[PDB]
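Student: Partial complex here, more coming in a sec:
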Amino acid sequence: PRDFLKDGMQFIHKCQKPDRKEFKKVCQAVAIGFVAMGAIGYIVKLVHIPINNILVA
Amino acid sequence: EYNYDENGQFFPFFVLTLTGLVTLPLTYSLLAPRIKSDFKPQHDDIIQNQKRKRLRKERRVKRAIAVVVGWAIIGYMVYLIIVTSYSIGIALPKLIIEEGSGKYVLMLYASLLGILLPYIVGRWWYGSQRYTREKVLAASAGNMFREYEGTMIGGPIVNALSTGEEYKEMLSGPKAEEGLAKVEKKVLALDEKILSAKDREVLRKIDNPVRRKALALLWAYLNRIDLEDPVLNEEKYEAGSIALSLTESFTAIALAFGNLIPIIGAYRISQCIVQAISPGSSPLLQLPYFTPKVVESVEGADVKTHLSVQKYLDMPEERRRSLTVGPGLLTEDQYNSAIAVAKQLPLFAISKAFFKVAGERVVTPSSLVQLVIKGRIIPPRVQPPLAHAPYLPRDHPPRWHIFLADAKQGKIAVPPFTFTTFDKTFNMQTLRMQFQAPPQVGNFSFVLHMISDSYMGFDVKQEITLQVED
Amino acid sequence: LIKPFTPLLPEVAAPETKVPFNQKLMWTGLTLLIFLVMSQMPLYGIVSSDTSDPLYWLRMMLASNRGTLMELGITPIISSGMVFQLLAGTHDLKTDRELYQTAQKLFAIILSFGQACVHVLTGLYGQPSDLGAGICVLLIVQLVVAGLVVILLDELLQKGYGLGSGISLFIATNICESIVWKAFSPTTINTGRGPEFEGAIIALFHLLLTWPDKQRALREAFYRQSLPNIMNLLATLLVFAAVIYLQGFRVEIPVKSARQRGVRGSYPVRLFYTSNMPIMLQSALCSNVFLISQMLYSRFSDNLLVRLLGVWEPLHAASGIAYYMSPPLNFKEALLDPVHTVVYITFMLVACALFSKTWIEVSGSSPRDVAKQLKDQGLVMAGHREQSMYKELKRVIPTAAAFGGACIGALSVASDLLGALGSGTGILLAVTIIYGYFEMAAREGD
């Protein structure tokens, strides 16, 4: 009903919110990791499309 | 199941967008106080040029070729662009899959993935293995560890330190036997017996050009010898800078060892190397215009105790006639500058140092107890002024090491806690350090050492009694 | 009873000393590159690839690929542990643990062989009567050695040379590849009128440069509704930032030890208690339901139970239970059928909440258990005369978990409904795992 939502909002207001600097730092770190993995995967796929198309004939 | 583009209208757009997204960023990304001194030592050009050469960074050749080739391919692709019911295709040239170049590109990719990857991986592996934590080569630290003795202080520390590895790369080639005889004769002759007794034998015993040259040069530097060769000073003032880092490494090693005398010895040799004084000589040579003659004339003809800076400055106006007499000793215009620069050195005089556990009255055994030591910087996140020693290329921020050991056994109690800042010509300060109390019960007796590098003669040794009960 | 199999089994050597952080990161990166370059290599006995993909809803969760060397690389590693934990719970010394590990690896390799056999014999690569007498066993040994090398790499990465496990990295790298390929894809799809690009940024640039009207070019680049566009990328980025910001909610409880006085501390309880479990297990359940629905609709084409359970059509489930369980396609299909959207909302919310609240009891993080654990470690509440640990702990943890489950479920729903590229399950499984590994690394060397 509504008691669950009230308890959840109370727990949320009891929690502490992170600042701007720590959030920016963690976002930059996770973005660096994500972009690294994505660039590696994209380069691997782009270099294996033509090689595969040549190999399998 | 793909249909490549052979007429050339789709791969240029893709390659242009990609290389542009790369090159735009690659191009946009590649487009504290000092103490007052009115004295300049001899050979100023050499030391200043060495100081300027110490630091150097271009960071331009790494990105220039990338940016220019990116802009070249951008121009080529935009030129090719300006020149000119369900199927999927790829925006890639047709010649890549043509039967002519197929085996060629296959072998190219095979060779690349088989050679460039393992080679660069092994290069990075063997490139990040030789350097240790203290910015010294693993061979140097390994060679210096075996040279550790039980109780060596003063003299033998220089011998155990002159077995580094940077001297190999510094004077490699015919640079070893250039002025070996000259430097060795000068060092072994001009220095008296009170500055080297058996180190002469230890120097003569070794048979190796590089190490013997390194040791002779280090002694010539640490004794302010001023050899006449205009080419050897440029390497002497560099051997000093190398010896400083080797001293850091040797301090780390001696701290790893559980002994007390090598600790004080390494700290004293770091105090001496950062300056130009000799280990065991009068610490009065920290002043700018002082020479062996005047320090021999101020502290007596032949004395076993060396007048420190405090006891020298605390004398009445008799030094005015005893030091700067005029016949070749000094001049008033120089003595005034010497005093005006001596009245600005950091001396730490502690006043209260008591144990205190966080949130309790009496220290309970096996508890995390911290000591507060509050002194006051009185000359005889705030940064202190840099070192005053003008006889080394780099500028050293004066640090402080605080540790404490016991007396019943000649061994250290807790590891030291190094810091370099205060909380700001004097005002009260505060310094903290936390460690673990002993497990059992019974009051102990400790002594803390305020040993500080970058200067010689500023040491505070007080005894503190620990309390513990339940 | 499994002693003689011990010396035969190959196993990586133990590290001499504690390896640094940079070398560990290098080992992890090299193993990941090897896994990727192996997964992007085709088999040899492939003759007929035009066939409906079986267990197609398991590729994302198992991080595999069809028709490549990594068809079944991941299944044995997870399956061995999943069965051995159960047999140990149903029913020590190192001399028994070595035998346990050897039996686990033996079960893994024999299951790999069996799965390769059932894959080649079912007709995935063609009718075995027409492939060849020796080509079948060639494919068998090739897939078996692929599984063996991948499990050996996993064992190496887990023995200590790696920063964590390999399962999470393998699940995250495929999702990240699929989410970054959707942006700069070079593949062009000509459905008439002139071929366009599949990649979002490439499509924007091409439409802006070659079409005679810039207004129509931008109106096409945005809201394509048929192919990935820039708005979907922006929605994905917004969901990413929201999840990153929301992960950093922790309730610090004051605690000070009692075995050694003075030492303070804190015991955080994150809003995302049991971070990635209620999403992973729920997605696995949905995938299993979809697979069973497809397999039972293929055989029993005409029946009432198959009609009510799930009907498929070009696949896409429609007019069935699985159709209700399936997320809406886009915002248009969301506004067409409101009742389906509402029932999906409520199902996923309640399911995530209940799953988190029942998994917190089995994972071992229950208040009744962690309170006893902290009491045995010696920690006591640091409150002002409030010496009651279990009360506050049982008042904080269960509500926190039962709210975080619903919160992450609603986040996944919003991501899948707003139009974010890739399934929201993949986005969450990537973000949570990368964040966990980042904090593990930052708590290790720098």
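Tutor: Done, it's in. Numbers count the residues shown, from 1 in each chain, chains lettered A, B, ... in the order given.
Student: how about the residue in chain B sticking out farthest from the centre, secondary structure?
Tutor: Here chain B reaches farthest from its C-alpha mean at residue B:85, the gap being 72.0 Å by Cα atoms, centre = their mean. Following DSSP: H, G, I helix; E, B strand; the rest coil, residue B:85 is assigned to coil.
Student: and residue C:229, what are its phi and psi?
Tutor: phi -130, psi -170 (degrees, to the nearest 10).
Student: With residue B:431 instead?
Tutor: Phi and psi for residue B:431, reported as degrees, to the nearest 10, are phi -140, psi 140.
Student: count of residues packed around it?
Tutor: For residue B:431, the neighbour count with other Cβ atoms under 10 Å in any protein chain shown is 20. To be clear about C-beta, it is placed using only N, CA and C from the backbone, and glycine gets the same treatment.
Student: Can you classify the nearest residue to it once chain neighbours are set aside as helix, strand or coil?
Tutor: Spatial nearest neighbour of residue B:431, excluding adjacent residues (Cβ to Cβ, 6 or more residues apart in numbering or on different chains): residue B:373 at 5.1 Å. Here residue B:373 is recorded as strand under three-state DSSP.
Student: Is residue B:373 bridged to anything, and to what?
Tutor: For residue B:373, the beta-bridge partners are residue B:353, residue B:431 (DSSP bridges).
Student: here's chain D, add it to the model above:
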Amino acid sequence: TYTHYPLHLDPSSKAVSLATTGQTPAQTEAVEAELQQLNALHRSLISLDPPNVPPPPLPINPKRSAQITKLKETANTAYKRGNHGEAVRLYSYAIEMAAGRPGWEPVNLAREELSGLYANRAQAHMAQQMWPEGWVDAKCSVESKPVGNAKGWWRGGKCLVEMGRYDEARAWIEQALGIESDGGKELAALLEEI
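Tutor: Below, chain D sits with the chains from the block before:
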């Protein structure tokens, strides 16, 4: 494995002598010193007994102890008469007699005996106003046995304060108090004499 050094034994001497070649003067003098020490050990072993093996260090022959105690007693009762020349002469003679003994015996006995003899000779030199010799003898005595001795530290500090060098006296008494009761009282009294 090993490096063959060309040796040559000399009959009727029982002392091996190196023949001229390790093509290095340093190695030559090193092996010469080692050979001299080996000949000394051989002389000691041939003077030990008709057998050649050294006896275990658990039992101790009391003849040396009796002789050194008699010498110490007669030296002390001669010094108590008032003269000091013959006193320090007998002290040095007893020191030589003690040091000239083999090394395979327990080191604690010889260490304590040398400690006592050096302390007595340092006190005798203090009675003769000879400050450097007394100070160096006290330093030798305290280096021999640091713990359980306080008169050594006291005599050293007193000799220092008498001859000057107040900083070394401060450090000496500081280390004495750190190691450490009549000894503590004497140390405090001498430190107060700064």
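Student: just to revisit the earlier point, residues contacting the residue farthest from the centre of chain B?
Tutor: Taking Cβ atoms under 8 Å, 6 or more residues apart in numbering or on different chains, we find residue B:85 in contact with C:191-192.
Student: And it, how close does it get to residue C:190?
Tutor: Using Cβ to Cβ, to the nearest Å, residue B:85 is found at 8 Å from residue C:190.
Student: Next, report how far stretch B:141-151 is displaced from the centre of its chain.
Tutor: 20 Å (Cα atoms, centre = their mean, to the nearest Å).
Student: What's the local residue count around residue D:57?
Tutor: 11.
Student: Quick check: it vs chain B, distance?
Tutor: 24 Å (Cβ to the nearest Cβ, to the nearest Å).
Student: Then residue D:18?
Tutor: On the measure of Cβ to the nearest Cβ, residue D:18 and chain B end up 20 Å apart.
Student: who does that residue bridge with?
Tutor: Applying DSSP bridges, one finds that residue D:18 bridges with residue D:7.
Student: That one against residue D:10, yeah?
Tutor: No - here residue D:18 lies out of contact with residue D:10, judged by Cβ atoms under 8 Å, at a distance of 11.2 Å.
Student: Just name whatever secondary elements the longest helix seen in chain A is in contact with.
Tutor: Counting by DSSP state H, the longest helix found in chain A is helix A:20-56. On a contact count with 3 or more Cβ pairs under 8 Å, 6 or more residues apart in numbering or on different chains; DSSP states H and E, helix A:20-56 meets helix B:102-111, helix C:21-39, helix C:166-181, helix C:230-247, helix C:424-442.
Student: throw chain E on there as well:
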Amino acid sequence: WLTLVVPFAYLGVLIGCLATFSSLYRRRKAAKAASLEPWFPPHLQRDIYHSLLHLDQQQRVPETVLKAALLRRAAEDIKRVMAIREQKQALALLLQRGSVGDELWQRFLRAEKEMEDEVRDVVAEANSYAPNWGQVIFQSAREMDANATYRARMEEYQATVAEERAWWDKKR
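Tutor: This next block brings in chain E, placed alongside the chains you saw above:
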């Protein structure tokens, strides 16, 4: 039956390449690890003892001098053992900090194993000479070494009285 032999031949080629590379890499690693510079300088007393034995074989020499040489060798060996036991703890504590390379630990383990083999060999050679002459060797060795270094320190401290007297007479 090429269908039966082709995959078996392929897997055989693969496992053979794996095995030969493993053997080659193991041989190379062993040859590189067994080519490290020794830890401590070359033993001299053991060399003198072996040369005395060789001179005895290639010939007359008494037997007491052999016992003296063996005693000196045992003293040197026990000094080496004390040094290595002192250095073990410091090296183990320092290895974790990373300020020391990795080859030093391997050199240390090699030196420890060499010292173990050497002490076993010397105790065997000693037990060969005289009845129950094993542990008394090492007791005598440690006692002799301690007494010798103590005597050396004492002579060194005693050899400064001349300079002290000269300094006092100069200041007087």
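Student: and the neighbour count of residue D:57, now that chain E is part of it?
Tutor: Other residues near residue D:57 come to 17 when the count uses other Cβ under 10 Å.
Student: show me the contacts for it.
Tutor: Contacts of residue D:57 (Cβ under 8 Å, 6+ apart): D:104-106, E:139-140, E:143.
Student: count of residues packed around residue 30?
Tutor: Since no chain was named, I'll use chain A. Residue A:30: 21 neighbours (other Cβ under 10 Å).
Student: Switch to chain E, please.
Tutor: By other Cβ under 10 Å, neighbour count at residue E:30 equals 10.
Student: part of a strand, is it?
Tutor: No - with three-state DSSP as the criterion, residue E:30 is helix rather than part of a strand.
Student: what's the spacing between it and chain B?
Tutor: Distance from residue E:30 to chain B, by Cβ to the nearest Cβ: 20 Å.
Student: Am I right that residue B:8 is in a helix?
Tutor: No - the assignment for residue B:8 (three-state DSSP) gives coil, which keeps it out of a helix.
Student: State the distance from it to residue B:363.
Tutor: Per Cβ to Cβ, residue B:8 is found 83 Å from residue B:363.
Student: Tell me how many other residues crowd residue E:122.
Tutor: Residue E:122 has 21 nearby residues by other Cβ under 10 Å.
Student: ok now do it, which residues does it touch?
Tutor: Per Cβ under 8 Å, 6+ apart, neighbours of residue E:122: E:70, E:73-74, E:77, E:137.
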